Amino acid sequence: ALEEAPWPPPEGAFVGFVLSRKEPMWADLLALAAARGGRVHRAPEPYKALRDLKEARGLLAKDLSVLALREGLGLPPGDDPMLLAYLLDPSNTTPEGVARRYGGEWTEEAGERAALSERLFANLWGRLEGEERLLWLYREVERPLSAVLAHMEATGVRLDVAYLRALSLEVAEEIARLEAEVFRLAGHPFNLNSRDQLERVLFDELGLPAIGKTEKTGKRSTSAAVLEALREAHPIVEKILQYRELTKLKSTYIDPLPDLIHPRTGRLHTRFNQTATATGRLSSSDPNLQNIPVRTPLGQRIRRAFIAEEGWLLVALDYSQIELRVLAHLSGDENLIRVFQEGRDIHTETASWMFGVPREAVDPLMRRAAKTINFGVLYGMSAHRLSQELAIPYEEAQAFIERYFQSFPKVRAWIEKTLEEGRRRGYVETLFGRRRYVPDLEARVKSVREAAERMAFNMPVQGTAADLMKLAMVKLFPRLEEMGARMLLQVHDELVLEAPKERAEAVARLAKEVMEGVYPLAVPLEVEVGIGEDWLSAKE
């Protein structure tokens, strides 16, 4: 439709661009175009043409900014219709779906993508006028956050390649030891990686008691929780659990990550997806760096490979009990507020009860266990499941869940309020007004409806915590630039920064204060901060 005009485009034009592959740090910029005032400008040479733009405005603006940054160009992202659509409805996660929904078609041609970006932005902006709170989130959080994320993606993180390659060789030998024992115990070999073949071995051949079924196909489950119940019915069970631990870590981290070092940066680059979750959280992919191991000894060894540039240090900051503090604010429970105004720690107190140990002797691994419990219970875990994990009678898990909510009355009151509100309006919302539509609150199948309810009332809590962290990132990023430091990773309620050694301590204190005072609530926000040469050492 647009009249074809010559490159370059006027100021403020919307851009379209086509990449050889989805990851901006690895992509070849195949084509570039821009659209404005009923015209389309198609770049004759896309790389040269990047220099003429002052701002990336259009669909997937951040990705093109990351590519520009990779090429030494400071091209910040600006308006992006995906961010408008994601705020209207977080099920809007792909350019495919957004275009089809708001007036166009995501093609594989840059000129058409540019014209699409223009008309989608006009329509979606029209949808938001009136929606003042979503507008506030777009202007003060999401749009400036996209610029922050582009810098994080282009910066990357340093990885100790030789260390991981050495680790691979050791873990391989240990894996072979375990699988050979498994085959001996089974009486023959098979593909231990195939849960279907393992199902037959355990349940048909060895005649072990089947405990659970899989969700979609109703096969007898071999999940870790099921194997946990059988750890004593037969020795092969334990060997399998250790086998899965090692092969999971080897196949997902040890072996893949070394091959992803970028040739020009010498670092590892993730993508921080900004329109990917139903609650407002970010995600991470290609590779995912929000699920790097930390729990087990081997996992810790892997986390140590994430290191600071020489002359620099990592600074890791992690909000304390974040979603519990958010819950205190959203619900207004007087007793839970006092917990945090008194400085108490629920994860430690639960850990104390769980293991029958005073608070002082609760180790870090014990506190991690208590977090699964505390958040399992809060978001609707059953006594059956809780009794099964804690290895205690059903009646004990029954009671724990009982005491839990009795201690904090207004929580269930807030849950029921949120649900009724969601049933009527069709969506639930965070503190800042980020919405999630949950129509299955009115499903007539009980299991479906109650799952919807657990989704529904989780989202204001998880989501508010996400809004806080996003806002803190937007406030902190310019302060770090000032001190010559870098923002590297976000892990939902944690930030990993890189700072020159001489300024690492000043960076830690500043980032701590920015995170704690981002947006005061009815309770204090506390942040744990550590500094070290590797990701593991940088957490306390």
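Each form is matched to the other, and the largest set of C-alpha atoms that superpose within 1.5 Å is called the rigid core. Numbering starts at 1 and follows the sequence shown.
Farther from the shown form on average, by C-alpha root mean square after a core fit in 8 other deposited structures of this protein, is 339-347, of the stretches 339-347 and 304-312.
Structural divergence in 8 other deposited structures of this protein between 128-136 and 198-206: following superposition by the core, 198-206 has C-alpha atoms lying farther from the shown form. Stretches 467-475 and 36-44 differ in mean C-alpha B factor, with the higher average recorded for 36-44. In this entry, 350-358 has the higher mean Cα B-factor, the comparison being between 438-446 and 350-358. Reading the B-factor column for the CA atoms of 306, 394, 121, 375 in the entry, the top value corresponds to 394. Out of 253, 340, 106, 163, it is 340 whose C-alpha atom has the highest B-factor in the PDB entry. When the modelled residues of the chain are ordered by C-alpha B-factor, residue 49 sits in the highest third.
For residue 242, the recorded CA temperature factor ranks within the middle third of the chain's modelled residues.
Ranked by C-alpha B-factor against the other modelled residues of its chain, residue 258 falls in the lowest third. Annotation for residue 16: CA B-factor lies in the middle third of the chain's modelled residues.
Residue 210: CA B factor in the highest third of modelled residues in this chain (values from the PDB entry).
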